[PDB]
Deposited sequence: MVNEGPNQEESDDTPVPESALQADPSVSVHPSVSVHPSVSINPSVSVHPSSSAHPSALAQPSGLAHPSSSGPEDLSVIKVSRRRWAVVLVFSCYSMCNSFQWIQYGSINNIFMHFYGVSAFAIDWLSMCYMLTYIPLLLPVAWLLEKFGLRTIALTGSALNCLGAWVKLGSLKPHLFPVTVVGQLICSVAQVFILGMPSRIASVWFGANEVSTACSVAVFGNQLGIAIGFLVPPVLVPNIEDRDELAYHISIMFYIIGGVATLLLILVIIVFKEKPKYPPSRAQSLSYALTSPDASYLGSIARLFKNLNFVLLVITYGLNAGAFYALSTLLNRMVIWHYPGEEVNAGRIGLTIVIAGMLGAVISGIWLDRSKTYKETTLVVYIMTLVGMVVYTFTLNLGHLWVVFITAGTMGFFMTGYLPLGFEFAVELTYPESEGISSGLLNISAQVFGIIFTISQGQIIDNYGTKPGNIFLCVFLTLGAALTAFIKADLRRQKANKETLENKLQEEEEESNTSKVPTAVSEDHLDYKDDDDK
């Protein structure tokens, strides 16, 4: 028997909250980058890697973590993700001295492991908790919560910590931040103890009801996924999109400031505009897939509009009209961020009934791999040739992704599971 449970909204609310906190810790060093250089006495190279360290950790650690999902269940993953998120925050405030930078690094690495238990989960949490209609929008809300942390992590950190020169007074203001994040993370950890069950009393969908019945080697499931040509094409195309989005967000500050001397306040606002606009895009994408369930057609059109946004952004950025960048970065951030819940849910369609922890996990690895490759490669291109070739470099790889996306078949397998009734 299929019956939706009321707890599903608390589960996503709690998960999106501690994914919000984990995303806060990702960019809390980037927002205060100028000050953290002065406090710890390190180069900007080190502080940038406190955010980049999440990318290198996801790639190797996912396959063990994605293996823990079947063996120990979903609850252990969220508990480990929230507890390490809490532990990684309490290690931070052991480092309020200029000479205690390594404690910050190991504190961030603990949060870095905590992401692997978080970022690939939205597809898995939505499947096990939500019905056939809400399954697409629930994954969007979790991505919506994750993106909210980046938005909160852009405007809150510069408020709590002023740009003061005295270390002793500076350490106090940073300490309040670590208590707030540590306090929030510990409270969210306590919530995960209570409300976050392993699975509802009844299956939420006929797709999940069939998934449990048919559910053997972990390496066998990996082998099946890479035999699927459609999934392999989706992994590459999703990586080229989400990877370019990570390359866009990380490198946008240096591109905008290059054309507009000064204007760092607006440059931070443009970076916030993508995150805020992406919040609308993520939710709209989830609701649209709920009503229409046209995963293949939506993926192609949304991904093309991502290419169009890059084409417009590349050639209008040089124009010098700063108010244009808000719309183009906002429009582009609307579609790339709306692609993330769309990519995760399209992967589940192509790879049902294999676990959503691996399918959306391998999509994330591609995003991390291309996100790293595009970050350094576009960084050298911008330094050596300027930002205009840097954006065209992203445009070319988004063009190849556009062609490959057109070759993905509409092999929606979990839709067929619900149709049988």
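K.L.:
Can you give me the gaps, meaning deposited-sequence stretches with no C-alpha coordinates, in sequence order?
P.N.:
No C-alpha coordinates exist for 1-76, 292-294, 501-534.
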